[PDB]
Colleague: 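Encoded as structure tokens, here's the structure I'll be asking about.
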Amino acid sequence: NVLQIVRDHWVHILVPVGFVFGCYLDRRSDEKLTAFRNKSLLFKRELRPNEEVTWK
Amino acid sequence: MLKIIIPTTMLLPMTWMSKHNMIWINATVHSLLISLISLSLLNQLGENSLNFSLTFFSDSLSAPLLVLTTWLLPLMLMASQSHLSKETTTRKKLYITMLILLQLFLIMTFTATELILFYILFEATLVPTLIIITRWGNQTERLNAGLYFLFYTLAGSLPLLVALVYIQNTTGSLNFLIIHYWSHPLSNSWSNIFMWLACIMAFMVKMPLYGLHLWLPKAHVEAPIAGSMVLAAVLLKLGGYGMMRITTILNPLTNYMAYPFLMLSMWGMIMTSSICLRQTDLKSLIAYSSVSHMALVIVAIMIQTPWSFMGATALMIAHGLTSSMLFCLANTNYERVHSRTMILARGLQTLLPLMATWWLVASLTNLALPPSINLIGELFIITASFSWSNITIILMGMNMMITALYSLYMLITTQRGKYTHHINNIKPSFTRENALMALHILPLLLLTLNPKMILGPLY
Amino acid sequence: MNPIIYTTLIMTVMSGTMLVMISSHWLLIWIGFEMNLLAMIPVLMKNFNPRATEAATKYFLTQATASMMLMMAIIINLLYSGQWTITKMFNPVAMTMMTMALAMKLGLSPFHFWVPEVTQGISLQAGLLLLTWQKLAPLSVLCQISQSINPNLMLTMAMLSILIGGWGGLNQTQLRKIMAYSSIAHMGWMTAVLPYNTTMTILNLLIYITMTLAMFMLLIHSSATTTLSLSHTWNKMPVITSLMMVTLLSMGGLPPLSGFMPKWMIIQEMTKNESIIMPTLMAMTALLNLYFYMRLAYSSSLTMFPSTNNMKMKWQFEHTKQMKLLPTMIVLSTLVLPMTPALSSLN
Amino acid sequence: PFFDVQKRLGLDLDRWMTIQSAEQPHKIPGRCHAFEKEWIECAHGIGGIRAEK
Amino acid sequence: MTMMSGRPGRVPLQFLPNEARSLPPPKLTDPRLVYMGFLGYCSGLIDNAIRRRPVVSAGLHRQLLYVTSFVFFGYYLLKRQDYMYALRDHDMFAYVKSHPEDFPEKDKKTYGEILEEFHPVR
Amino acid sequence: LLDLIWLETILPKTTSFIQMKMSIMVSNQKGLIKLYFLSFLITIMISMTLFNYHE
Amino acid sequence: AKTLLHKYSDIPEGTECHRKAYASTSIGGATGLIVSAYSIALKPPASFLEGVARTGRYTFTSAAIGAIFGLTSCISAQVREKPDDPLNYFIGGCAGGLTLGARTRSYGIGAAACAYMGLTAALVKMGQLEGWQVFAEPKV
Amino acid sequence: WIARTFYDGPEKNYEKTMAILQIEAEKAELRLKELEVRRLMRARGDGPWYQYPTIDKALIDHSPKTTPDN
Amino acid sequence: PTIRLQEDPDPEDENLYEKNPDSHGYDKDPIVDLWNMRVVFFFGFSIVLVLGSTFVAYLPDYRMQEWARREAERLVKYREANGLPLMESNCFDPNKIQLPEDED
Ligand SMILES: CCCCCCCCCCCCCCCCCC(=O)OC[C@H](COP(=O)([O-])OCC(O)COP(=O)([O-])OC[C@@H](COC(=O)CCCCCCCCCCCCCCCCC)OC(=O)CCCCCCCCCCCCCCCCC)OC(=O)CCCCCCCCCCCCCCCCC
Ligand SMILES: CCCCCCCCCCCCCCCCCC(=O)OC[C@H](COP(=O)([O-])OCC(O)COP(=O)([O-])OC[C@@H](COC(=O)CCCCCCCCCCCCCCCCC)OC(=O)CCCCCCCCCCCCCCCCC)OC(=O)CCCCCCCCCCCCCCCCC
Ligand SMILES: CCCCCCCCCCCCCCCCCC(=O)OC[C@H](COP(=O)([O-])OCC(O)COP(=O)([O-])OC[C@@H](COC(=O)CCCCCCCCCCCCCCCCC)OC(=O)CCCCCCCCCCCCCCCCC)OC(=O)CCCCCCCCCCCCCCCCC
Ligand SMILES: CCCCCCCCCCCCCCCCC[C@@H](O)O[C@H](CO[C@H](O)CCCCCCCCCCCCCCC)COP(=O)(O)OCC[N+](C)(C)C
Ligand SMILES: CCCCCCCCCCCCCCCCC[C@@H](O)O[C@H](CO[C@H](O)CCCCCCCCCCCCCCC)COP(=O)(O)OCC[N+](C)(C)C
Ligand SMILES: CCCCCCCCCCCCCCCCC[C@@H](O)O[C@H](CO[C@H](O)CCCCCCCCCCCCCCC)COP(=O)(O)OCC[N+](C)(C)C
Ligand SMILES: CCCCCCCC/C=C\CCCCCCCC(=O)O[C@H](COC(=O)CCCCCCC/C=C/CCCCCCCC)COP(=O)(O)OCCN
């Protein structure tokens, strides 16, 4: 019976999916501005024995 | 900050793919969710802004405005579904599309890092507003209003564009951060004077400044209720935001270029407050109230002090909420009696008590009762003006009296006295209207509880 | 007219334009202009009536005078320098005469009077051809001789064209005359940036041609030549009127529509040289074109005008002939601004 | 504007008549053959702006 | 004025010189290409609307061809635009390198020795 | 006096009046080739005497 | 031509007021003659004598405007001992506007012309001072 | 909990601002340099830009011309 | 006809309470009306208002007010213990500032 329910209320996932897509695109934008990661004079720091990057 | 922009662009096809009787529910629910999402931008720093990308950034001045816009969209949706019941499905979807496009343009305008992009979006906001006004307005004046709304804007903004590109051919960048860091003083020459005028006149006509305000009564009176809401609460704050942004490159010319505009702002604040005392139209009274408050905001921006900027930000937020509430309150009576004359429907407190309580709270907030954020902004601006010059306390003080008068005047005209005998079609207030009033008024006092969220970057 | 004869005449018009565009010899450019005029004259009179004959006669007189001035300028240039190649135009008097002749051919002010009359006197298809395809050859020659232009004369004619286009279009109820005045103003815009950058001229011409093609195809689709006959279309097909209103807004230069891109770019270009006053005046004047576009939008899309009873019959029939390039033209006319940097491909 | 179809295809549609010193019938020379020849070789390949000076 | 028409070594009607092959091609997921596909989809929707057909569902082959054509042309348009901008920067840098006297690098001065006038706001 | 009359009189009404007058002046031509071909002659002479003479 | 413009411009601002007035009168007369030529071409006067009358009317109006502007500008500049000040040109422009209003016998035309011509003349003086170019030569 | 769940540390925003500022400053300097280069190239005509056509020398006939002195 | 045109009459306004005595003012269909009311009240008051106010009230201190207070306490303690003035009129060390050589 879920066919009619889906074809009537499938418009309710467009906005949440857009929210997740926007979060993913914000992360993709963030990954292109790492030219000074762990390089500022105020926050320059030695890496921990395991971690690879100070922030993502 | 695409996590806010993309859900609106998704509101678009969700509205266009909705079933014919479920458009309002879906739109309101997802707009409220988007407002809840945008609430996260209030977590600001103390030193710099939130630089999300090369294109968009958020600051302590733009985050409250973004929250107000995303909160205002659902309120417009609730306020619009009453008078659009007889419309066809396609035209209802078109109206919702105009509202969504306006919200998207405003969201992108308040966060643009670039001045030309800011100009493009701040000019793109005209098309949905103009279409709404001239298509869904009620009387035949609306067409003229649209023209008055259009050219008044464009004649102010087209010179700005020229100035903007000129600046980009001199400094090499119009990015706001680089502009702020690489700021240099403006000399005293005729070319610099005209560059100052070109950079200032667009935002001064969008405020609107006294003498340049003639478009505002037309636009706010012939527009539909959602159009009036968005014109008064958000679209007037574009001028204030733009002036606060652009003034970083105009010093020290402002030191003496503000005199004519300061004089106009103060005297026209007195003049418009006085005009409110003799107004047969209830919507025009609210429009002129907006003019007076925005004159105060103009003074605050023009005197260029931290306290003035704080008070100006608080005043813009408070005025947006209050004026939207007042317009909705007037629209309820209009929908009941189909007339805008203030002395037509009288003694409404007897017939609608809870509506009378809403009217009382809105009028008390309009006259800046302590400790409302309206009062906080007004008092900060007044203290800054007193520091600027001790004599201003005269004019400001005058305004403080006049406002109260006309404010209570409206209340005493509409709620007290005796009811009109021949008007018998005043039905009990719907739950929708009461919810609209409550959702307007509760955030005001909630922000009164935590006032540092709307005090801007100078806090 | 026979379809084969009509196709031959149209191809001869395009062949004259191409001959103007691909030649290095002044004589061959002149021959291309002559052939274009000869093949164009019958096309304007495809539907025979006194108005079409008057339009053809006026067009022929104007273009023949312009071509004679063109040939005289060529001969003076040859006299003062035995060169036939289209180049920096070694003589100033010859260059003044060349500029005047090309302005007369394009319809730039003050040689603008023939454009509204010829546009009003011919059919919508002929007006489409005249206002879109007939601008390529003189503008190509002007681009080729742009380094030797006198900026004062060219800019004076461009400013006059913009002013006269706005003022004349302010007074029209006939759609063809409105299109002609819009064309005059847009030619003014195209020629204002010609001494500074021909790439901007080409971009403005392309966007104007796209918008004009969309407008004329929408006017042919809904068979309206007056404002009142266009006011009936909402009761027959509202989608056409909505697309027409958005196209009018784009033609008015409002952001974020693509019609904003040319003027914007031109303004920026004119600000890279000093030239501050002229772009400001130019935008102030383009507000007039926007005003009468807005008036048309009020009359046709944003308000409902009264209709007639016989329109009910028209409800029962569909449009028979179908223009395949209309949707692409509308989309290019409206939603193109975000692709602005692609203009680098023009130079 | 100018689509150099002749240059792309190597056609020589009208370049045979552009200048006076270009391969006249029966090798008849112009009155100013040497002067135009010298000017052409002077201005070749340097651009109009430079060649004007 | 024309900047690049008389540039030496230019083939008349090429639209894509061989030197352009030395540049990285635009990714097939480029946002500009996605916008071109969106333009094609809008053209298909407008085509459906004008013909009085179900706007979203009328012709899927026609809409898909619209999107494909717009993406196909936009790819080469983007390639040419990127080539043109690379040419502009190449010529700019070569001209700067070949004219050192017109682009001097003057001594850098810190803010501690530059006298900047102070304008009080009062 | 101020809002409904003079502020209206100066900025928008004057603009509309001037634009209307200039539109009527520009667009009211009889359509006779004689008159504007005479104007073409005048324009050509003015162009050869004003701009062309100054090079 | 530019000969009249140069003949007006080479004289210093606050010197030799009669010569400046004469040059301004010549410029105004030339403008009026051109306007009359275009008006007669596009609107035939139906009679030769009426054509001469219209030409004389236009030429005298323009010449009077120019002469008044030049005379008052020079007089104000020399009286205030303040050359290179746009206020002198503003006063001259308003005087020319009042002259035009008197010529057409209309108070509204006079007031509007005074205001607009004053602003335009002040802007022209400002452009002369700061080097604003109306027809910019192509540089980039 | 709110800071851990919804936000990052200040260093991320700090260094993102650094990168953005560097990019914008480089773009501004490049714009100014390009304007200067365009001005010089148009003024002198000694660069790849603004190269206007001149008669091809290959069109000249270098043959005896029935007259010894050309 | 003594008339100007064929037109429909202006219809009277519809009262939503006639066909639905408890109508909530949202829609003529009672079920869609009731659910519009329910979603408005739940997502406006319950979700956005109260939870948003709680979220704002407990936002972490990114304005560094408490940190600034602690820093000021440290500096005041140190400067009072060692007898230095609490504040200096110069916010920059004069040793790194190079004034112009000649003032005449
Ligand atoms: C900026 C950010 C991005 C935004 C981009 C810009 C906006 C969007 C793009 C615009 C172009 C796209 C659509 C154009 C073609 C539509 C033409 C049309 O007529 O529509 C009717 C059509 C309904 O017709 P129908 O279904 O066949 O049956 C009803 C009858 O036809 C009954 O129909 P009718 O003909 O009898 O009704 C008559 C009506 C018919 O007239 C109209 O329908 C008006 C349409 C105007 C066309 C726009 C012109 C060209 C585009 C330029 C837009 C400019 C935008 C810039 C900002 C300025 C704002 C103007 O005319 C009127 O009522 C007159 C009222 C006057 C109103 C004035 C406003 C008009 C212009 C406003 C344009 C605003 C933008 C477009 C809004 C959406 C339009 C559908 O609408 C649709 O159903 C299509 C819309 C939805 C399609 C997309 C669905 C996507 C799939 C879902 C999944 C999402 C994927 C997400 C991925 C992630 C995975 C989950
Ligand atoms: C944003 C904030 C608000 C801003 C916006 C609102 C405020 C601004 C807009 C409102 C005011 C602007 C109006 C401008 C003038 C309008 C004229 C008009 O409409 O013409 C169409 C209209 C159509 O006329 P018509 O159909 O062609 O002929 C039939 C006549 O109506 C039949 O006429 P009639 O037979 O009855 O008599 C005519 C005759 C006789 O008139 C009469 O019969 C009655 C007497 C009236 C004469 C007024 C002057 C004598 C008393 C003035 C005393 C001092 C003034 C106050 C200064 C205080 C200083 C401590 O008048 C004349 O002959 C005029 C000749 C010149 C005398 C008046 C001009 C004085 C200029 C003011 C100098 C100020 C310098 C700066 C001072 C700085 C210190 C504060 O003309 C009139 O009917 C009005 C005639 C009176 C006009 C003169 C009044 C001057 C008002 C003050 C001007 C200053 C403000 C403008 C500044 C920009 C200028 C550069
Ligand atoms: C129906 C409404 C209609 C519409 C109207 C419009 C409504 C719109 C609403 C919109 C949404 C609003 C949301 C806003 C969120 C705000 C929440 C928040 O930030 O919480 C802050 C705050 C909690 O502070 P905190 O930072 O979270 O705690 C930090 C410490 O670590 C904690 O310290 P601790 O370690 O000591 O632990 C204390 C703990 C436990 O401490 C204790 O248990 C000890 C208490 C002392 C009693 C000791 C003796 C008594 C027993 C003795 C006998 C038994 C023991 C022996 C047995 C034998 C018997 C003898 O208690 C608490 O944590 C405080 C209670 C939490 C309340 C949170 C409020 C949430 C509101 C959100 C919902 C809004 C809708 C309302 C629904 C709420 C329910 C109706 O909540 C308060 O309100 C505190 C106020 C209490 C202070 C006393 C009042 C002083 C009055 C002085 C002024 C006098 C002048 C006159 C003015 C009079 C006015 C009162
Ligand atoms: C309806 C409401 C619309 C909004 C109104 C906007 C207000 C705009 C007003 C502009 C503010 C000031 C403009 C210019 C600044 C100074 C003005 C002038 O009076 O001051 C003196 C200027 O001296 C004289 O006044 C010369 C100017 C006179 C000509 C100007 C025309 C004024 C006429 C007023 C018409 C109304 C304008 C508004 C039209 C709508 C200063 O002497 P000076 O040191 O030398 O000039 C300083 C510049 N320097 C340093 C480069 C030399
Ligand atoms: C409103 C939108 C405007 C769009 C305009 C039309 C778009 C569709 C037309 C498709 C073009 C097909 C041409 C491809 C075949 C190859 C032909 C090639 O050889 O031509 C080259 C030329 O290539 C073209 O110029 C590129 C055409 C691309 C135009 C699109 C840019 C429009 C501005 C950006 C708006 C976004 C457009 C979106 C596209 C769908 C030759 O260069 P060249 O012979 O040496 O230059 C002669 C002129 N000069 C010397 C004076 C400079
Ligand atoms: C119907 C009849 C009603 C009458 C009966 C009512 C019964 C009682 C209910 C009334 C409550 C009385 C208020 C008393 C004050 C107590 C609440 C107060 O203590 O909370 C404040 C907190 O208030 C919140 O900060 C303000 C709420 C935020 C407002 C946002 C509104 C929701 C967004 C909706 C859209 C906004 C649109 C406008 C654009 C800006 C404390 O601020 P703060 O000093 O920090 O707290 C320090 C400790 N912390 C930090 C650990 C928490
Ligand atoms: C709805 C009514 C709203 C009114 C809006 C109009 C008010 C705007 C004021 C006019 C702005 C025009 C200037 C355009 C931008 C200036 C940019 C600039 O800085 O250029 C200057 C030059 O400045 C100018 O050229 C401006 C000249 C003015 C021309 C246009 C005049 C428009 C009307 C002026 C009077 C109105 C001004 C006040 C109006 C108040 C509001 C009504 C520098 O040029 P350079 O040549 O490089 O100088 C140094 C080297 N020589």
Side-chain angles (χ1 to χ4, degrees), chain B residues 35-36 38-39 42 63-72 151-167 169-170 189-202 204-205 209-212 215 260 264 267-268 271 317 320-321 373 438-440 442-454, chain C residues 271 274-277 279-281 284, chain F residues 1-2 5-7 9-12 15, chain G residues 90 94 97-98 101 105-112 114-115 118-120 122-123 126-127 130-133 136, chain I residues 44 48-59 61:
Chain B
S35 194
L36 179 74
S38 72
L39 224 38
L42 295 177
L65 288 165
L66 288 149
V67 172
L68 178 70
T69 302
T70 57
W71 176 253
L72 227 61
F151 293 100
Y152 252 94
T153 321
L154 286 168
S157 75
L158 282 175
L160 171 70
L161 175 65
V162 176
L164 284 184
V165 305
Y166 172 86
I167 288 155
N169 292 325
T170 288
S189 52
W190 291 114
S191 302
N192 283 340
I193 279 171
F194 282 102
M195 190 222 108
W196 196 98
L197 280 172
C199 288
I200 278 297
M201 280 336 282
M204 209 78 84
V205 81
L209 165 79
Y210 180 73
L212 290 180
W215 65 270
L264 271 174
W267 187 240
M271 270 306 87
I317 296 301
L321 279 172
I373 52 167
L439 295 172
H440 264 107
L442 291 168
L444 257 177
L445 324 176
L446 286 204
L447 297 146
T448 285
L449 262 188
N450 188 7
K452 89 177 155 292
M453 289 314 167
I454 54 145
Chain C
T271 295
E274 311 299 338
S275 196
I276 302 290
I277 290 155
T280 324
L281 290 213
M284 284 330 93
Chain F
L1 182 73
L2 296 179
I5 286 163
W6 276 121
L7 287 184
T9 296
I10 53 176
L11 209 29
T15 293
Chain G
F90 179 86
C94 178
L98 293 176
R105 265 287 74 222
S106 208
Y107 287 102
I109 281 139
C114 150
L119 310 166
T120 320
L123 283 176
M126 287 183 212
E130 312 270 321
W132 305 341
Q133 309 132 54
Chain I
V48 174
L49 213 64
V50 170
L51 295 213
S53 319
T54 318
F55 174 79
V56 168
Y58 284 106
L59 273 176
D61 185 35

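Indexing begins at 1, ligand by ligand and atom by atom, following the structure's order. Below, chain A is the first sequence line, B the second, and so on; all start at residue 1. All values below were derived from every heavy atom in this structure, side-chain atoms included, with hydrogens, water molecules and symmetry-related copies excluded.
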Colleague: Just going by heavy-atom distances, which of B:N192, B:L209, C:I277, B:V165 is nearest to atom 29 (C) of ligand 7?
Modeller: C:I277

Colleague: Do F:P12 and F:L7 come close enough that some side-chain heavy atom pair is under 4.5 Å?
Modeller: no

Colleague: I need the F:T9 OG1 to F:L11 CG distance, nearest 0.5 Å.
Modeller: 11.0 Å

Colleague: Is atom 1 (C) of ligand 2 in close reach of the protein, with a heavy atom under 4.0 Å away?
Modeller: yes

Colleague: Where is the tightest heavy-atom contact between B:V205 and B:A202, given as atom of each residue plus distance?
Modeller: CG1-O, 3.1 Å

Colleague: Flag atom 53 (C) of ligand 2 as yes if some protein heavy-atom distance to it falls below 4.0 Å, otherwise no.
Modeller: no

Colleague: Identify, for atom 25 (O) of ligand 7, the protein heavy atom at the shortest distance, and state residue, atom and that distance.
Modeller: G:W132 CD2, 3.7 Å

Colleague: For ligand 7, which atoms have a heavy atom of G:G131 less than 4.0 angstrom away?
Modeller: 51 (N)

Colleague: Can you list the atoms of ligand 7 that are under 4.0 Å from a heavy atom of B:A198?
Modeller: 11 (C), 15 (C)

Colleague: Out of curiosity, C:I276 CD1 to C:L281 CG, how far, rounded to the nearest 0.5 Å?
Modeller: 12.0 Å

Colleague: How about atom 15 (C) of ligand 7: does it have a protein heavy atom within less than 4.0 Å?
Modeller: yes

Colleague: Do the non-hydrogen side-chain atoms of C:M284 and B:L158 ever get within less than 4.5 Å of each other?
Modeller: yes

Colleague: Note the single closest protein heavy atom to atom 15 (C) of ligand 2, along with its residue, its atom name and the distance in Å.
Modeller: G:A111 CB, 4.5 Å

Colleague: Taking the side chain as everything from C-beta on, heavy atoms only, tell me whether B:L445 gets closer than 4.5 Å to B:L449.
Modeller: no

Colleague: Could any protein non-hydrogen atom be found less than 4.0 Å from atom 83 (O) of ligand 2?
Modeller: no

Colleague: Below 4.0 Å, non-hydrogen atoms only: which portion of G:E130 touches ligand 7? Side chain, backbone, both or neither.
Modeller: backbone

Colleague: Would G:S106 count as a contact of ligand 2 if the rule is a heavy atom under 4.0 Å away?
Modeller: yes

Colleague: If I take atom CG from residue B:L197 and atom CE from residue B:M204, how far apart are they, to the nearest 0.5 angstrom?
Modeller: 9.0 Å

Colleague: Side chains of B:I167 and B:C199: closer than 4.5 Å at any heavy-atom pair?
Modeller: yes

Colleague: Could you list which atoms of ligand 7 come closer than 4.0 Å to a heavy atom of B:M201?
Modeller: 7 (C), 41 (C)

Colleague: Using heavy-atom distances only, which candidate in G:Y107, F:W6, G:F90 approaches atom 13 (C) of ligand 2 most closely?
Modeller: F:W6

Colleague: Return the minimal non-hydrogen interatomic distance between B:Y166 and C:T271, and the atom names on each side.
Modeller: CA-CG2, 3.5 Å

Colleague: What are the two closest non-hydrogen atoms of I:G52 and B:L39, and how far apart are they?
Modeller: CA-CD2, 3.6 Å

Colleague: Working to the nearest 0.5 angstrom, can you tell me the gap between B:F151 CZ and F:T15 OG1?
Modeller: 10.5 Å

Colleague: Taking C-beta and beyond as the side chain, do B:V67 and B:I317 meet within less than 4.5 Å on heavy atoms?
Modeller: no

Colleague: Could you tell me the residue and atom name of the protein heavy atom closest to atom 2 (C) of ligand 7, and the distance to it rounded to 0.1 Å?
Modeller: F:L11 CD2, 4.0 Å

Colleague: Of the choices F:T9, F:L7, G:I109, B:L212, which has the non-hydrogen atom that lies closest to atom 4 (C) of ligand 2?
Modeller: F:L7

Colleague: Nearest 0.5 Å please: distance from the OG1 atom of B:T70 over to the CG atom of B:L65.
Modeller: 10.5 Å

Colleague: May I ask whether atom 32 (C) of ligand 7 is less than 4.0 Å from at least one protein heavy atom?
Modeller: no

Colleague: Considering B:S157, B:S191, B:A155 one by one, which has a heavy atom nearer to atom 4 (C) of ligand 7 than any of the others?
Modeller: B:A155

Colleague: Using every non-hydrogen atom in the two residues, find where B:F194 and G:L123 come nearest and quote the distance to one decimal.
Modeller: CZ-CD2, 3.5 Å

Colleague: Using non-hydrogen atoms of the residue, decide whether B:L264 is closer than 4.0 angstrom to ligand 2.
Modeller: yes

Colleague: Would you mind reporting whether G:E130 and B:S189 have side-chain heavy atoms less than 4.5 Å apart?
Modeller: yes

Colleague: From atom 28 (O) of ligand 2, is the closest protein heavy-atom distance below 4.0 Å?
Modeller: yes

Colleague: If you have a sec, work out which protein heavy atom is nearest atom 12 (C) of ligand 7 and how many Å separate them, to one decimal?
Modeller: C:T280 CG2, 4.4 Å

Colleague: Using only heavy-atom distances, determine whether the side chains of G:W132 and B:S191 contain a donor-acceptor pair under 3.5 Å.
Modeller: yes

Colleague: Starting from the N and O atoms of ligand 6, find every protein N or O within less than 3.5 Å and list the pair with its distance.
Modeller:
residue	atom	partner	partner atom	Å
ligand 6	25 (O)	B:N450	ND2	3.3

Colleague: Using a 4.0 Å cutoff against the non-hydrogen atoms of B:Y166, which atoms of ligand 7 qualify?
Modeller: 19 (O), 43 (C), 47 (O)

Colleague: So which atom in I:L49 and which in B:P443 form the shortest heavy-atom distance, rounded to 0.1 Å?
Modeller: CD1-CG, 4.1 Å

Colleague: For atom 22 (C) of ligand 7, is there a protein heavy atom at a distance under 4.0 Å?
Modeller: yes

Colleague: For ligand 7, which atoms, with element, lie under 4.0 Å from some heavy atom of B:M195?
Modeller: 19 (O)

Colleague: Got the closest protein heavy atom to atom 100 (C) of ligand 2, with its distance?
Modeller: G:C114 SG, 4.1 Å

Colleague: Are the side chains of B:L66 and B:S38 in contact, using a 4.5 Å heavy-atom criterion?
Modeller: no

Colleague: Does the protein place a non-hydrogen atom closer than 4.0 angstrom to atom 62 (C) of ligand 2?
Modeller: yes

Colleague: Checking contacts now, so for atom 39 (C) of ligand 7, which I'm interested in, is there any protein heavy atom under 4.0 Å?
Modeller: no

Colleague: From the options B:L160, C:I276, F:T15, B:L197, select the one whose nearest heavy atom is closest to atom 20 (O) of ligand 7.
Modeller: C:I276

Colleague: First locate atom CH2 of B:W215, then atom OG1 of B:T153, and finally report the distance between them rounded to the nearest 0.5 Å.
Modeller: 6.0 Å

Colleague: Please indicate, with yes or no, if any protein heavy atom is found under 4.0 Å from atom 36 (O) of ligand 2?
Modeller: no

Colleague: Establish whether atom 36 (C) of ligand 7 and some protein heavy atom are separated by less than 4.0 angstrom.
Modeller: no

Colleague: Could you tell me whether atom 27 (C) of ligand 7 has a protein heavy atom closer than 4.0 Å?
Modeller: yes

Colleague: Can you find a pair of side-chain heavy atoms, one from B:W71 and one from B:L439, that are under 4.5 Å apart?
Modeller: yes

Colleague: Which heavy atom of the protein is the closest neighbour of atom 18 (C) of ligand 2, given with residue, atom name and distance?
Modeller: G:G108 CA, 4.4 Å

Colleague: Do you know the tightest heavy-atom contact between B:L321 and B:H440?
Modeller: O-CD2, 3.7 Å

